[PDB]
Every structure is written in structure tokens, then in C-alpha cells.
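Structure record follows, encoded as C-alpha cells.
Labels below follow one simple rule: chain letters A, B, ... track the order of the sequence lines, proteins then strands, and each chain is numbered from 1. Side-chain atoms are counted along with the backbone in the values below, which use heavy atoms only and exclude waters and symmetry mates.
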Amino acid sequence: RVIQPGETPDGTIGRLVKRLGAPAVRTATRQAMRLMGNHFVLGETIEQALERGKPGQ
Amino acid sequence: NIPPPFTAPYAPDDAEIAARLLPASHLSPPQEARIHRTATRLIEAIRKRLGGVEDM
């Protein structure tokens, strides 16, 4: 999509952006990305998760 | 002409000062809209986030 400027900040992310500012929200998202990638073993199916979490270890 | 040695009342009444400053502070809505935007952008940049003493 193309994002028109001056969009009223609604939604959970919009309200967050209004309170913290867009760049902090981007920073918080990247941290959440580190947390999701490091502390969770996830996949679309269980086989994908199980393959991801693999370690002769 | 060189001004006289500076002597202003040391501690005048706050209210009388505010009575002049409050109306003169008025800005038109496009003026306020521009200030709001510039300030928002300046503050958001500051919240991007090593930093400073306040952070420590």
C-alpha cells in the first residue's frame, strides 16, 4: 500500500506512536524482534519450529 | 546617548507581568500547527535513542 501523510494515529500501534514517537516504536519493535527470535522456538507448523530449535549435539 | 546604570525593580508582581505576556503569546492556528509539528519531530528524534547524564 501507499501511506497517506497526516493519518490520525489510532490502534494500539497508533496510540503508542502518539505517546512515544515513531522512532521509539521502531526501536521497541526491533527489541521485540530480538526477544521473539531468542526466547521462543516458533514456526507456522510444529515441524518448522522443531527444525528451527535443532542443535550431533 | 549612553544608558544610565541599570536599575530595574528587583522583584515586581508576577500577575501584572502575566497580564501582558498571556495575550501577546497568542498564535494563529496555522502558527500553532507548525510549532506542534516541528516540536513533535524534534522530541521524537530525541526518543530514538550511548546518551547523556539524564539517562544515567
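The CG atom of A:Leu20 sits 9.5 Å away from the CD atom of B:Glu44 when rounded to the nearest 0.5 Å.
Neither the backbone nor the side chain of A:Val25 comes within contact range of chain B; no heavy atoms are under 4.5 Å apart.
Surrounding CE of A:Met36 are more than 12 heavy atoms belonging to other residues, nucleotides or ligands, all under 6.0 Å away. Heavy-atom neighbours of A:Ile13 CD1 from other residues, nucleotides or ligands within 6.0 Å: at or below the threshold of 12. Annotation for B:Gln31: atom CD counts as buried by contact number, over 12 foreign heavy atoms lying within 6.0 Å.
Across B:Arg47 and A:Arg19, no two heavy atoms sit closer than the pair NH1-O, 3.0 Å.
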